[PDB]
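Have a look at coords08.pdb; it's PDB, C-alpha atoms:
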```pdb
ATOM      1  CA  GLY A  15     116.184 138.518  66.413  1.00  0.00           C
ATOM      2  CA  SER A  16     119.466 140.346  65.885  1.00  0.00           C
ATOM      3  CA  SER A  17     118.689 143.105  63.396  1.00  0.00           C
ATOM      4  CA  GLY A  18     121.554 145.176  62.057  1.00  0.00           C
ATOM      5  CA  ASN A  19     121.137 148.379  60.063  1.00  0.00           C
ATOM      6  CA  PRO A  20     119.288 147.975  56.738  1.00  0.00           C
ATOM      7  CA  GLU A  21     122.155 149.563  54.811  1.00  0.00           C
ATOM      8  CA  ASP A  22     124.237 146.459  55.438  1.00  0.00           C
ATOM      9  CA  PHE A  23     121.686 144.396  53.508  1.00  0.00           C
ATOM     10  CA  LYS A  24     122.277 143.563  49.849  1.00  0.00           C
ATOM     11  CA  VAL A  25     118.678 144.506  49.168  1.00  0.00           C
ATOM     12  CA  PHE A  26     119.447 148.077  50.249  1.00  0.00           C
ATOM     13  CA  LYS A  27     120.940 149.121  46.908  1.00  0.00           C
ATOM     14  CA  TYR A  28     118.565 146.853  44.987  1.00  0.00           C
ATOM     15  CA  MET A  29     115.383 148.178  46.583  1.00  0.00           C
ATOM     16  CA  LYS A  30     116.777 151.686  46.233  1.00  0.00           C
ATOM     17  CA  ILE A  31     117.040 151.197  42.479  1.00  0.00           C
ATOM     18  CA  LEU A  32     113.744 149.280  42.574  1.00  0.00           C
ATOM     19  CA  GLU A  33     112.256 152.541  43.812  1.00  0.00           C
ATOM     20  CA  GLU A  34     113.448 154.368  40.725  1.00  0.00           C
ATOM     21  CA  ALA A  35     113.324 151.580  38.144  1.00  0.00           C
ATOM     22  CA  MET A  36     109.652 150.655  38.641  1.00  0.00           C
ATOM     23  CA  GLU A  37     108.573 154.190  37.778  1.00  0.00           C
ATOM     24  CA  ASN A  38     111.652 154.821  35.607  1.00  0.00           C
ATOM     25  CA  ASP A  39     109.894 152.980  32.805  1.00  0.00           C
ATOM     26  CA  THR A  40     108.724 155.644  30.382  1.00  0.00           C
ATOM     27  CA  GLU A  41     105.178 154.267  30.417  1.00  0.00           C
ATOM     28  CA  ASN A  42     105.217 154.107  34.253  1.00  0.00           C
ATOM     29  CA  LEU A  43     103.815 150.577  34.476  1.00  0.00           C
ATOM     30  CA  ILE A  44     103.479 151.293  38.191  1.00  0.00           C
ATOM     31  CA  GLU A  45      99.989 152.627  37.421  1.00  0.00           C
ATOM     32  CA  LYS A  46      98.961 149.205  36.141  1.00  0.00           C
ATOM     33  CA  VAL A  47     100.166 147.422  39.243  1.00  0.00           C
ATOM     34  CA  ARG A  48      99.285 150.119  41.784  1.00  0.00           C
ATOM     35  CA  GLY A  49      99.768 148.390  45.073  1.00  0.00           C
ATOM     36  CA  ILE A  50     101.740 148.268  48.270  1.00  0.00           C
ATOM     37  CA  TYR A  51     104.533 145.734  48.434  1.00  0.00           C
ATOM     38  CA  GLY A  52     105.953 144.367  51.646  1.00  0.00           C
ATOM     39  CA  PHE A  53     109.467 142.991  51.438  1.00  0.00           C
ATOM     40  CA  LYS A  54     110.325 140.784  54.385  1.00  0.00           C
ATOM     41  CA  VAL A  55     114.008 140.087  53.877  1.00  0.00           C
ATOM     42  CA  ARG A  56     115.755 137.563  56.107  1.00  0.00           C
ATOM     43  CA  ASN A  57     119.306 136.149  56.353  1.00  0.00           C
ATOM     44  CA  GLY A  58     120.827 139.564  56.836  1.00  0.00           C
ATOM     45  CA  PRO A  59     124.508 140.372  57.585  1.00  0.00           C
ATOM     46  CA  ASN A  60     124.612 138.453  60.865  1.00  0.00           C
ATOM     47  CA  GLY A  61     121.291 136.641  60.901  1.00  0.00           C
ATOM     48  CA  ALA A  62     119.510 139.959  60.631  1.00  0.00           C
ATOM     49  CA  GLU A  63     116.079 140.658  59.254  1.00  0.00           C
ATOM     50  CA  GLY A  64     114.699 143.646  57.431  1.00  0.00           C
ATOM     51  CA  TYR A  65     111.374 144.883  56.139  1.00  0.00           C
ATOM     52  CA  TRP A  66     110.752 147.551  53.509  1.00  0.00           C
ATOM     53  CA  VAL A  67     107.418 148.726  52.171  1.00  0.00           C
ATOM     54  CA  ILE A  68     107.041 149.799  48.551  1.00  0.00           C
ATOM     55  CA  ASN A  69     104.170 152.245  48.146  1.00  0.00           C
ATOM     56  CA  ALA A  70     103.080 151.875  44.538  1.00  0.00           C
ATOM     57  CA  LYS A  71      99.412 152.425  45.407  1.00  0.00           C
ATOM     58  CA  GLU A  72      99.833 156.164  44.844  1.00  0.00           C
ATOM     59  CA  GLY A  73     101.685 155.410  41.629  1.00  0.00           C
ATOM     60  CA  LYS A  74     104.958 156.464  43.199  1.00  0.00           C
ATOM     61  CA  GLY A  75     106.875 153.269  43.864  1.00  0.00           C
ATOM     62  CA  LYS A  76     108.803 154.396  46.931  1.00  0.00           C
ATOM     63  CA  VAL A  77     110.313 151.961  49.412  1.00  0.00           C
ATOM     64  CA  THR A  78     110.314 152.752  53.109  1.00  0.00           C
ATOM     65  CA  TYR A  79     111.509 150.799  56.134  1.00  0.00           C
ATOM     66  CA  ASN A  80     108.520 149.932  58.373  1.00  0.00           C
ATOM     67  CA  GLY A  81     106.047 151.558  55.996  1.00  0.00           C
ATOM     68  CA  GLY A  82     103.102 151.445  58.365  1.00  0.00           C
ATOM     69  CA  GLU A  83     100.738 150.745  55.489  1.00  0.00           C
ATOM     70  CA  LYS A  84      99.059 147.439  54.693  1.00  0.00           C
ATOM     71  CA  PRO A  85     100.826 145.860  51.695  1.00  0.00           C
ATOM     72  CA  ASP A  86      98.503 144.260  49.147  1.00  0.00           C
ATOM     73  CA  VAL A  87     101.197 141.635  48.722  1.00  0.00           C
ATOM     74  CA  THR A  88     104.125 140.665  50.943  1.00  0.00           C
ATOM     75  CA  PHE A  89     107.226 138.687  49.958  1.00  0.00           C
ATOM     76  CA  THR A  90     109.683 136.786  52.135  1.00  0.00           C
ATOM     77  CA  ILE A  91     113.178 136.339  50.672  1.00  0.00           C
ATOM     78  CA  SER A  92     116.741 135.998  51.917  1.00  0.00           C
ATOM     79  CA  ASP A  93     119.064 139.021  51.580  1.00  0.00           C
ATOM     80  CA  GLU A  94     121.468 136.712  49.805  1.00  0.00           C
ATOM     81  CA  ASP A  95     119.046 135.441  47.164  1.00  0.00           C
ATOM     82  CA  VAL A  96     117.335 138.770  46.507  1.00  0.00           C
ATOM     83  CA  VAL A  97     120.289 139.736  44.336  1.00  0.00           C
ATOM     84  CA  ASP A  98     119.525 136.977  41.853  1.00  0.00           C
ATOM     85  CA  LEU A  99     115.790 137.624  42.011  1.00  0.00           C
ATOM     86  CA  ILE A 100     116.027 141.356  41.382  1.00  0.00           C
ATOM     87  CA  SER A 101     118.664 140.751  38.712  1.00  0.00           C
ATOM     88  CA  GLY A 102     116.557 138.177  36.882  1.00  0.00           C
ATOM     89  CA  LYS A 103     119.098 135.436  37.543  1.00  0.00           C
ATOM     90  CA  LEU A 104     116.968 133.518  40.005  1.00  0.00           C
ATOM     91  CA  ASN A 105     113.413 132.666  38.978  1.00  0.00           C
ATOM     92  CA  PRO A 106     110.871 133.967  41.516  1.00  0.00           C
ATOM     93  CA  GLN A 107     108.819 131.048  40.244  1.00  0.00           C
ATOM     94  CA  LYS A 108     111.348 128.402  41.264  1.00  0.00           C
ATOM     95  CA  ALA A 109     112.139 130.476  44.326  1.00  0.00           C
ATOM     96  CA  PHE A 110     108.453 130.484  45.287  1.00  0.00           C
ATOM     97  CA  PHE A 111     108.366 126.713  44.943  1.00  0.00           C
ATOM     98  CA  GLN A 112     111.554 126.190  46.950  1.00  0.00           C
ATOM     99  CA  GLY A 113     110.461 128.495  49.762  1.00  0.00           C
ATOM    100  CA  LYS A 114     112.806 131.347  48.856  1.00  0.00           C
ATOM    101  CA  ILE A 115     109.775 133.383  47.936  1.00  0.00           C
ATOM    102  CA  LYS A 116     106.819 133.534  50.267  1.00  0.00           C
ATOM    103  CA  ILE A 117     104.299 135.906  48.727  1.00  0.00           C
ATOM    104  CA  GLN A 118     100.611 136.357  49.490  1.00  0.00           C
ATOM    105  CA  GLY A 119      99.307 136.579  45.954  1.00  0.00           C
ATOM    106  CA  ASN A 120      96.615 139.090  45.090  1.00  0.00           C
ATOM    107  CA  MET A 121      94.772 137.645  42.087  1.00  0.00           C
ATOM    108  CA  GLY A 122      94.674 140.967  40.273  1.00  0.00           C
ATOM    109  CA  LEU A 123      97.605 142.964  41.594  1.00  0.00           C
ATOM    110  CA  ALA A 124     100.306 140.297  41.906  1.00  0.00           C
ATOM    111  CA  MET A 125      99.653 139.253  38.313  1.00  0.00           C
ATOM    112  CA  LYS A 126     100.622 142.737  37.178  1.00  0.00           C
ATOM    113  CA  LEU A 127     103.535 142.468  39.567  1.00  0.00           C
ATOM    114  CA  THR A 128     104.157 139.278  37.625  1.00  0.00           C
ATOM    115  CA  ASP A 129     104.146 141.509  34.536  1.00  0.00           C
ATOM    116  CA  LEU A 130     106.677 143.914  36.043  1.00  0.00           C
ATOM    117  CA  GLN A 131     109.079 141.145  37.102  1.00  0.00           C
ATOM    118  CA  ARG A 132     109.189 140.197  33.411  1.00  0.00           C
ATOM    119  CA  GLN A 133     110.763 143.583  32.808  1.00  0.00           C
ATOM    120  CA  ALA A 134     113.049 143.249  35.827  1.00  0.00           C
ATOM    121  CA  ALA A 135     114.416 140.035  34.318  1.00  0.00           C
ATOM    122  CA  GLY A 136     116.346 142.157  31.839  1.00  0.00           C
ATOM    123  CA  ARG A 137     116.117 139.590  29.065  1.00  0.00           C
ATOM    124  CA  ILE A 138     116.236 140.614  25.420  1.00  0.00           C
ATOM    125  CA  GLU A 139     116.943 137.261  23.832  1.00  0.00           C
ATOM    126  CA  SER A 140     114.805 134.216  23.132  1.00  0.00           C
ATOM    127  CA  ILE A 141     115.692 130.844  24.624  1.00  0.00           C
TER
END
```
Take the structure in this file and express it as structure tokens.
Amino acid sequence: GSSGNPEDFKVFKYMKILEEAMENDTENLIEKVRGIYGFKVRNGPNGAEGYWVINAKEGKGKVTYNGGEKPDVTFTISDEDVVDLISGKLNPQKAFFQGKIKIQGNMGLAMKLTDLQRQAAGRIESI
């Protein structure tokens, strides 16, 4: 599988701000959802594939390429669609259903991850 550099992925800048943003919340909700996240991102620049590990288990929330640690939950998304998911434009719910999101749900942890994605949606209004 042709794998170009991870910087060329759209998720690069998103996961880099993910790193900050998760803990950037003043009440560091990362401590509620302490876990290790594995992001398997496909459909890279030229059919490339990437994998970043978000260590939130320590309450840090840092993302590292080939983390080496066992992620409590792992997601599988396309580099193209991640931008809508992380922006709150594309529903990870509908994405899960349509195969854009393949996540091994942890009954406790991924539900708090479900809580965090509510914040990542960036919605203020009711509809």
With the file shown as input, list the residues that the PyMOL selection byres ((chain A and resi 90-98) around 7) selects, as a PyMOL selection string.
chain A and resi 23-25+53-58+88-89+99-104+114-117
Residues matched by the PyMOL selection byres ((chain A and resi 65) around 9) as a list in words:
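Checking the PyMOL selection byres ((chain A and resi 65) around 9) against this file, the residues are residues 20, 52, 53, 54, 55, 56, 63, 64, 66, 67, 78, 79, 80 and 81 of chain A.
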Work out how far apart atom CA of residue A:75 and atom CA of residue A:129 are and give it in Å to one decimal.
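The value is 15.3 Å.
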Exercise on stretch 27-40 of chain A, axis-aligned box with 4 Å per side, report centre and edge lengths in Å to one decimal, as JSON:
```
{"center_x": 114.8, "center_y": 151.2, "center_z": 38.6, "size_x": 20.4, "size_y": 16.8, "size_z": 24.5}
```
Taking the file as shown, find all residues satisfying the PyMOL selection byres ((chain A and resi 16) around 6) and write them as a PyMOL selection string.
chain A and resi 15+17+62
Using the selection just defined, write its residues with C-alpha atoms as a PDB file, keeping the file's coordinate frame.
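Final output, out23.pdb:
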```pdb
ATOM      1  CA  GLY A  15     116.184 138.518  66.413  1.00  0.00           C
ATOM      2  CA  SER A  17     118.689 143.105  63.396  1.00  0.00           C
ATOM      3  CA  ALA A  62     119.510 139.959  60.631  1.00  0.00           C
TER       4      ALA A  62
END
```
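Among A:133, A:38, A:69, A:140, the residue with the shortest atom-to-atom distance to residue A:50, counting all atoms listed in the file, is A:69.
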